[PDB]
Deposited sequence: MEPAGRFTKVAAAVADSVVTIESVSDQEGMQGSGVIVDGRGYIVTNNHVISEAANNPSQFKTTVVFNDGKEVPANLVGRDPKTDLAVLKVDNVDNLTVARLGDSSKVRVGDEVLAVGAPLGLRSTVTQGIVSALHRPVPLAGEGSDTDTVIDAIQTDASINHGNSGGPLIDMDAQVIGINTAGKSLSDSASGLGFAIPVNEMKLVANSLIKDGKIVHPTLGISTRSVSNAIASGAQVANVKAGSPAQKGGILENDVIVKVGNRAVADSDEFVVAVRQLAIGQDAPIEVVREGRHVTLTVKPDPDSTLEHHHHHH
């Protein structure tokens, strides 16, 4: 057996098809069995329409064996493009073995595994091209987001979106997201899913800032400040060039969005800014984007 063939076969049992059907729409993606009690992680855009119209759509899981099982949405996060599904009382589940995406290195050989029984599913091979790479993700009603992705030259497409990005120990180091390829790191998936399973929601910090990238005074230039926002109270203004959020240098508006989310909610943080040519440090206390889930 080939060296990638063994790795793809060993994890095929842990990968499932995810299907959302209505009266005149049937939607598919891949997923990953992360808990033996029937918890399956996919990405939020695979199930986005069903979660936004739950009265008309129906979600099912098709396992490697062909077994079709009803599935229920535990929670979802458009901001990380993640989601958790639950299948109830399904036995002998092969739980995916989850790696540590902080031990992933550029050049590591990876497989982007799709649902073994999906309609036009794919299994692609490549290497890790970039780590901690901010990428904007576009969906339906949800709003666009940015994530620190693992980048890979393994192709990420409709046929493996939501499936796992696998290392050569058959461990999950990421969740593929097709909507030059990108994966959500597994350590971020572990956090987001640990809170979607418990709370059915994840709470991210906000500052009320919309930026545009600038490079010449490079960084994320403030396009608008929400009234009453933590940036209102911190003293951040328009035309400001944000160059550091917390302990993270901000290269552009993509790294800004990701640097805000690595801040502590409700805890003072420094924001370094170049204003009219003058280096100004500012203090901000991030709000929870969901006040009543916090």
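Undergrad: Compare what was deposited with what's modelled and send me the C-alpha-less stretches, numbered from 1.
TA: Residues missing from the model, as numbered along the full deposited sequence, span 1-3, 142, 184-192, 230-231, 310-314.
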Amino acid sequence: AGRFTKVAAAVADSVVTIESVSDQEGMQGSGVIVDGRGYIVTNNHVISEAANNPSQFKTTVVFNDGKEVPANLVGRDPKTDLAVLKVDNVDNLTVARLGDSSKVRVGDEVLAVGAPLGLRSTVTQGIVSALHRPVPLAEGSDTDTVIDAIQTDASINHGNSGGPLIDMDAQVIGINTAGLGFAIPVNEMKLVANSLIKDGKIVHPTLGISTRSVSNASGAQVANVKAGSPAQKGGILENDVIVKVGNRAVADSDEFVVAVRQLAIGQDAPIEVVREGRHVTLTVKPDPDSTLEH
From here on, numbers count along this sequence of modelled residues.
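Undergrad: If you take the mean CA temperature factor per stretch, which one wins between 95-103 and 122-130?
TA: Looking at the recorded C-alpha B-factors, 95-103 comes out higher on average.
Undergrad: Quick check on the record: does 260-268 or 51-59 carry the larger mean Cα temperature factor?
TA: In the deposited entry, the stretch with the higher C-alpha B-factor mean is 260-268.
Undergrad: Given 109, 77, 188, 139, identify the residue with the highest C-alpha B factor in the PDB entry.
TA: Going by the entry's C-alpha B-factors, 139 comes out highest.
Undergrad: Compare the CA B factors listed in the entry for 171, 216, 145, 160 and report the winner.
TA: Among 171, 216, 145, 160, the PDB entry lists the largest C-alpha B-factor for 216.
Undergrad: Could you look up the Cα B-factor of residue 240 in the entry and say which third of the chain it sits in: lowest, middle or highest?
TA: Ranked within chain, residue 240 CA B lands in the highest tercile.
Undergrad: Using the B-factors in the PDB entry, rank residue 85's C-alpha atom against the chain and give the third, lowest, middle or highest.
TA: Middle third, going by the recorded CA B-factors of the chain.
Undergrad: Splitting the chain's C-alpha B-factors into thirds, which one does residue 6 fall into?
TA: Within its chain, residue 6 is a lowest-third residue by C-alpha B-factor, going by the deposited values.
Undergrad: Please place residue 202 in the lowest, middle or highest third of its chain according to the CA B-factor in the PDB entry.
TA: CA B-factor rank for residue 202: middle third.
Undergrad: Taking only the Cα B-factors deposited for this chain, tell me whether residue 175 sits in the lowest, middle or highest third.
TA: CA B-factor rank for residue 175: lowest third.
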